[PDB]
Each structure stands twice: as structure tokens, then as C-alpha cells.
$ cat final25.cif   # mmCIF, N, CA and C atoms; chains and numbers go by the auth columns
data_upload
loop_
_atom_site.group_PDB
_atom_site.id
_atom_site.type_symbol
_atom_site.label_atom_id
_atom_site.label_comp_id
_atom_site.label_asym_id
_atom_site.label_seq_id
_atom_site.Cartn_x
_atom_site.Cartn_y
_atom_site.Cartn_z
_atom_site.B_iso_or_equiv
_atom_site.auth_seq_id
_atom_site.auth_asym_id
ATOM 1 N N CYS A 1 -5.454 -1.200 4.352 0.00 1 K
ATOM 2 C CA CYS A 1 -4.257 -1.487 3.531 0.00 1 K
ATOM 3 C C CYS A 1 -4.005 -2.986 3.474 0.00 1 K
ATOM 4 N N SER A 2 -3.336 -3.439 2.425 0.00 2 K
ATOM 5 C CA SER A 2 -3.044 -4.852 2.266 0.00 2 K
ATOM 6 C C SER A 2 -1.610 -5.046 1.787 0.00 2 K
ATOM 7 N N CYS A 3 -0.789 -5.658 2.626 0.00 3 K
ATOM 8 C CA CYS A 3 0.593 -5.919 2.272 0.00 3 K
ATOM 9 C C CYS A 3 1.029 -7.278 2.792 0.00 3 K
ATOM 10 N N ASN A 4 1.776 -7.991 1.969 0.00 4 K
ATOM 11 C CA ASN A 4 2.331 -9.285 2.337 0.00 4 K
ATOM 12 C C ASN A 4 3.482 -9.614 1.403 0.00 4 K
ATOM 13 N N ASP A 5 3.262 -9.358 0.121 0.00 5 K
ATOM 14 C CA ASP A 5 4.278 -9.579 -0.902 0.00 5 K
ATOM 15 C C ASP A 5 5.207 -8.376 -0.988 0.00 5 K
ATOM 16 N N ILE A 6 4.810 -7.294 -0.332 0.00 6 K
ATOM 17 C CA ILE A 6 5.552 -6.045 -0.388 0.00 6 K
ATOM 18 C C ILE A 6 6.113 -5.680 0.982 0.00 6 K
ATOM 19 N N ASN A 7 7.042 -4.736 0.995 0.00 7 K
ATOM 20 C CA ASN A 7 7.785 -4.398 2.205 0.00 7 K
ATOM 21 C C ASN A 7 6.995 -3.458 3.112 0.00 7 K
ATOM 22 N N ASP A 8 7.439 -3.363 4.363 0.00 8 K
ATOM 23 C CA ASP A 8 6.740 -2.597 5.398 0.00 8 K
ATOM 24 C C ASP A 8 6.720 -1.098 5.098 0.00 8 K
ATOM 25 N N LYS A 9 7.837 -0.560 4.616 0.00 9 K
ATOM 26 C CA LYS A 9 7.937 0.872 4.325 0.00 9 K
ATOM 27 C C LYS A 9 6.907 1.284 3.281 0.00 9 K
ATOM 28 N N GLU A 10 6.778 0.480 2.240 0.00 10 K
ATOM 29 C CA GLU A 10 5.791 0.736 1.205 0.00 10 K
ATOM 30 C C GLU A 10 4.394 0.458 1.744 0.00 10 K
ATOM 31 N N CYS A 11 4.283 -0.609 2.526 0.00 11 K
ATOM 32 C CA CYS A 11 3.023 -0.993 3.147 0.00 11 K
ATOM 33 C C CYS A 11 2.442 0.145 3.984 0.00 11 K
ATOM 34 N N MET A 12 3.229 0.658 4.923 0.00 12 K
ATOM 35 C CA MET A 12 2.762 1.710 5.818 0.00 12 K
ATOM 36 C C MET A 12 2.495 2.991 5.031 0.00 12 K
ATOM 37 N N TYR A 13 3.299 3.221 3.989 0.00 13 K
ATOM 38 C CA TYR A 13 3.164 4.408 3.148 0.00 13 K
ATOM 39 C C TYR A 13 1.746 4.544 2.629 0.00 13 K
ATOM 40 N N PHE A 14 1.269 3.507 1.973 0.00 14 K
ATOM 41 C CA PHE A 14 -0.034 3.579 1.356 0.00 14 K
ATOM 42 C C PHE A 14 -1.114 3.085 2.314 0.00 14 K
ATOM 43 N N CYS A 15 -0.707 2.626 3.489 0.00 15 K
ATOM 44 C CA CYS A 15 -1.668 2.192 4.491 0.00 15 K
ATOM 45 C C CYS A 15 -2.388 3.394 5.093 0.00 15 K
ATOM 46 N N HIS A 16 -1.626 4.399 5.532 0.00 16 K
ATOM 47 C CA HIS A 16 -2.231 5.630 6.045 0.00 16 K
ATOM 48 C C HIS A 16 -2.738 6.474 4.876 0.00 16 K
ATOM 49 N N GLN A 17 -2.163 6.213 3.708 0.00 17 K
ATOM 50 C CA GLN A 17 -2.616 6.803 2.453 0.00 17 K
ATOM 51 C C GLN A 17 -4.003 6.274 2.096 0.00 17 K
ATOM 52 N N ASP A 18 -4.186 4.986 2.356 0.00 18 K
ATOM 53 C CA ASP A 18 -5.405 4.262 2.025 0.00 18 K
ATOM 54 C C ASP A 18 -5.592 4.183 0.516 0.00 18 K
ATOM 55 N N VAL A 19 -4.743 3.387 -0.115 0.00 19 K
ATOM 56 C CA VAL A 19 -4.857 3.117 -1.537 0.00 19 K
ATOM 57 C C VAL A 19 -5.810 1.963 -1.746 0.00 19 K
ATOM 58 N N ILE A 20 -7.042 2.319 -2.037 0.00 20 K
ATOM 59 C CA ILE A 20 -8.101 1.355 -2.272 0.00 20 K
ATOM 60 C C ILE A 20 -8.028 0.776 -3.682 0.00 20 K
ATOM 61 N N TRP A 21 -6.876 0.921 -4.316 0.00 21 K
ATOM 62 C CA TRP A 21 -6.693 0.444 -5.675 0.00 21 K
ATOM 63 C C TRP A 21 -6.008 -0.913 -5.690 0.00 21 K
ATOM 64 N N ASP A 22 -5.673 -1.367 -6.885 0.00 22 K
ATOM 65 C CA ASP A 22 -5.056 -2.675 -7.082 0.00 22 K
ATOM 66 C C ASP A 22 -4.158 -2.625 -8.310 0.00 22 K
ATOM 67 N N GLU A 23 -4.728 -2.150 -9.408 0.00 23 K
ATOM 68 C CA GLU A 23 -3.958 -1.833 -10.599 0.00 23 K
ATOM 69 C C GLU A 23 -3.940 -0.320 -10.779 0.00 23 K
ATOM 70 N N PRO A 24 -2.752 0.282 -10.904 0.00 24 K
ATOM 71 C CA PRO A 24 -2.614 1.719 -11.066 0.00 24 K
ATOM 72 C C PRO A 24 -2.678 2.140 -12.534 0.00 24 K
#
$ encode --input "final25.cif" --output "C-alpha cells"
Amino acid sequence: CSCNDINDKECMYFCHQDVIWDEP
């Protein structure tokens, strides 16, 4: 997962989700 510009709640959400995307 990659988060820095975004918040922790959203970060962890898709972190265990493993969103290998960038543009949805």
C-alpha cells in the first residue's frame, strides 16, 4: 500500500485490501 497524501483510515483500508491500482 502507498499513502502519504491521504489519511490513515483510508490508507489502512486499501492497505490490507491491496489496491495495486492508481487511477480507478
$ atom_distance --input "final25.cif" --atom1 "atom C of residue 3 (chain K)" --atom2 "atom C of residue 17 (chain K)"
14.5 Å
$ select_by_dssp --input "final25.cif" --residues "chain K" --states "alpha helix (DSSP H)" --output "ChimeraX atom specification"
/K:8-17
$ atom_distance --input "final25.cif" --atom1 "CA of residue 1 (chain K)" --atom2 "CA of residue 22 (chain K)"
10.7 Å
$ decode --input "final25.cif" --residues "chain K" --atoms "C-alpha atoms" --output "PDB file, in the first residue's frame"
ATOM      1  CA  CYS K   1       0.000   0.000   0.000  1.00  0.00           C
ATOM      2  CA  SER K   2       1.075   3.596  -0.556  1.00  0.00           C
ATOM      3  CA  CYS K   3      -0.230   6.522   1.469  1.00  0.00           C
ATOM      4  CA  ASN K   4       1.153   9.951   2.299  1.00  0.00           C
ATOM      5  CA  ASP K   5      -1.206  12.488   0.758  1.00  0.00           C
ATOM      6  CA  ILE K   6      -4.135  10.520   2.143  1.00  0.00           C
ATOM      7  CA  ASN K   7      -5.356   9.727   5.650  1.00  0.00           C
ATOM      8  CA  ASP K   8      -4.570   6.660   7.772  1.00  0.00           C
ATOM      9  CA  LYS K   9      -8.129   5.264   7.815  1.00  0.00           C
ATOM     10  CA  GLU K  10      -8.241   5.212   4.028  1.00  0.00           C
ATOM     11  CA  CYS K  11      -4.609   4.110   3.906  1.00  0.00           C
ATOM     12  CA  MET K  12      -5.124   1.048   6.112  1.00  0.00           C
ATOM     13  CA  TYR K  13      -8.425   0.311   4.345  1.00  0.00           C
ATOM     14  CA  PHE K  14      -6.864  -0.347   0.990  1.00  0.00           C
ATOM     15  CA  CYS K  15      -3.566  -1.452   2.515  1.00  0.00           C
ATOM     16  CA  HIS K  16      -4.926  -4.819   3.686  1.00  0.00           C
ATOM     17  CA  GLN K  17      -7.147  -4.595   0.613  1.00  0.00           C
ATOM     18  CA  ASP K  18      -4.015  -4.272  -1.508  1.00  0.00           C
ATOM     19  CA  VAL K  19      -5.142  -1.838  -4.173  1.00  0.00           C
ATOM     20  CA  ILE K  20      -2.431  -2.234  -6.754  1.00  0.00           C
ATOM     21  CA  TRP K  21      -4.133   0.485  -8.780  1.00  0.00           C
ATOM     22  CA  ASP K  22      -3.532   4.208  -9.192  1.00  0.00           C
ATOM     23  CA  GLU K  23      -6.324   5.523 -11.373  1.00  0.00           C
ATOM     24  CA  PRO K  24      -9.749   3.937 -10.746  1.00  0.00           C
TER      25      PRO K  24
END
